[PDB]
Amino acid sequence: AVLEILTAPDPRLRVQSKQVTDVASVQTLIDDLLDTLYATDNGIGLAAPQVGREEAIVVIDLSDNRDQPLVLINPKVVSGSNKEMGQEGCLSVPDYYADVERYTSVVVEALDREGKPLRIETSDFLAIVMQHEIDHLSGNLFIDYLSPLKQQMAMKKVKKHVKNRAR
């Protein structure tokens, strides 16, 4: 039974994540986050609040073959440049896509799953994904940046998806 991904609204998506002090204690959760990620059709990033957990942990795999896990423990965006709009979705706001401003160049510091420091500097699509996933750990969803109308539309779409039966 892989962990289920929560959908908005759910108060667990809005909790501030807590720093991990004991990396050895969160190995199960890391493996479970990866299993949940990989059980999705097209998921490329998953943050712990999306499965209802408060630990500051993100997992990402941007590879075509889905065999390139990136685990970020206690991630932070340390700097960034080159703001651009780009379309995002989120497994926790299913079926709704919209353009969001992000830094297209970023530096993130985190620990890897073994607890070793990691510094990732990137101007690729990874930059966008990390910012999106790290935002979850602050209790933020990408729709939060959108006009009120768009936010309303997003919530209505999620509800349709959640309530629908016939596919």
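All residue numbers refer to positions in the sequence shown, first residue = 1.
Of the two segments examined, 104-112 and 129-137, it is 104-112 that shows the higher average Cα temperature factor in the deposited entry. Of the two stretches examined, 78-86 and 92-100, the record assigns the greater average C-alpha temperature factor to 78-86. The deposited CA B-factor of residue 49 belongs to the lowest third of values across its chain.
In this PDB entry, the Cα temperature factor of residue 153 sits in the middle third of its chain's modelled residues. In this PDB entry, the Cα temperature factor of residue 163 sits in the middle third of its chain's modelled residues. Ranked by Cα temperature factor within the chain, residue 65 sits in the middle third according to the deposited record. Placement of the Cα temperature factor of residue 25 within the chain: highest third of the modelled residues, per the deposited record.
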